[PDB]
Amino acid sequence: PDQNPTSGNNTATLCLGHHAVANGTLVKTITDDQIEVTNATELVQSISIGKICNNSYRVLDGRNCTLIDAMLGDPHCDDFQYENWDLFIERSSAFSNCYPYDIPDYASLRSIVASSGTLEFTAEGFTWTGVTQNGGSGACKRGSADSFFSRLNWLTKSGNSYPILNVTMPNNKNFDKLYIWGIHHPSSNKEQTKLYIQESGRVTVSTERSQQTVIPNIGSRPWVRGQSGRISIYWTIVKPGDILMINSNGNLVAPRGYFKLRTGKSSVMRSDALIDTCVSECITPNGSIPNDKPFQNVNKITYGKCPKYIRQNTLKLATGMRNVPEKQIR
C-alpha cells in the first residue's frame, strides 16, 4: 500500500544531502549583506570584564595622585616614593595639594616618566653656599607644618646675600640621569627683592650638549591654596660622561638629585575602573578584555596584548555551510 516503507524489490533510492539547523545565524559576504549559515563565531570583542586585572602586568593605582605629582613629591603622594609599574593608572578624582605649578610641555614629561616605568630617586650633595635651603609654604602642608615638594629644594636669600650660584654634578654612571628643577615666579616686586635680593632672577641649567635659560615673571596670579605666586618645572637629561651645571642669581627651585631613566615598556592610563585579582593580557580604560578575537570595539585606548580597535561592534565569521531549512513552516 501507499505507506510501504520499502522500494519496489528490484531497485533502491540513494539520496545525497547535507545537514541544517532550526536556528541559523546571518553573516556578510561579497555578494550578500545578510545570508544565513548553520553557525558562526564573533570576531569583534565588544564586552569588558568591567575591571582592571592585575596579575598579568604590574598595575599601579595612582589613587589621588597624578604621575607628575607622585614624581615631584607632593606630600599626600609620598607613598609613591620609590615605586615602579608596567601601567600607572590615573584617576579622575586625583588632585594636587602642594604649591601651585605649571609645566611647559607637561605631556612630554608625563610620557617620558611613564614609559621609563620607575620613580627610583637618588639624592646628591649639591653644595648651595650663601643661600637658605628647604623653603616651604602653607599651600603644601606635610603634617601641620609648612612644607614643599620632597624632590625639590626652594632656595632663598641668606641674610643680605644671594650670590651667583655656580654648581656642578657629573654623571659617572652607565645610565641617563633625569633632573627635575624649577623657577619661582613671585607675585610682586617687593616679594622678589625680599626673597632673592636681586630685582630680576635667572636660572641656567646646562650640560656640554644642551642648555635652558629661564627668567621669572612677576605679577599676581589667581589665588590657589592661599598663594598668588607660581612655580614652573623644567627637566634636563644628563648622559654618561656628560655633566650637569646649574647657574642662577635668583629664583631657583633646585633639585635634590636625579631620577634613573630606563628604556622601558611601561605606560600610563586614565581610568576610574576598579582593580582586582584576575588574569588578562589586555587592559583598556573600561577594564580588561580577553584577546581571543582579532578585533575589538571596547576602546581605542589599550595597553598590552590587545585585539585591534575597529568601528564595527560585530563581525561574524561563518564556521558552517549555508543553512537551508527542512521545514518552511514551523
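One rule holds for the numbers: they count along the sequence shown, beginning at 1.
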| item | value |
| --- | --- |
| Higher-B stretch (mean Cα B-factor, as the entry records it), 248 to 256 or 206 to 214 | 206 to 214 |
| Selected stretch [higher average CA B-factor]: 173 to 181 or 112 to 120 | 173 to 181 |
| Selection by C-alpha B-factor (highest) of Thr129, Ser150, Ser232, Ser96 | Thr129 |
| Largest Cα B-factor, entry values, listed residues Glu90, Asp105, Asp102, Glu199 | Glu199 |
| Third of the chain, ranked by Cα B-factor, where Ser48 sits | middle |
| Third assignment of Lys265 from its chain's C-alpha B-factors | middle |
| CA B-factor placement of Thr38, once the chain's modelled residues are sorted into thirds | lowest |
| B-factor third for the C-alpha atom of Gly73 within its chain | lowest |
| B-factor third for the C-alpha atom of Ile275 within its chain | middle |
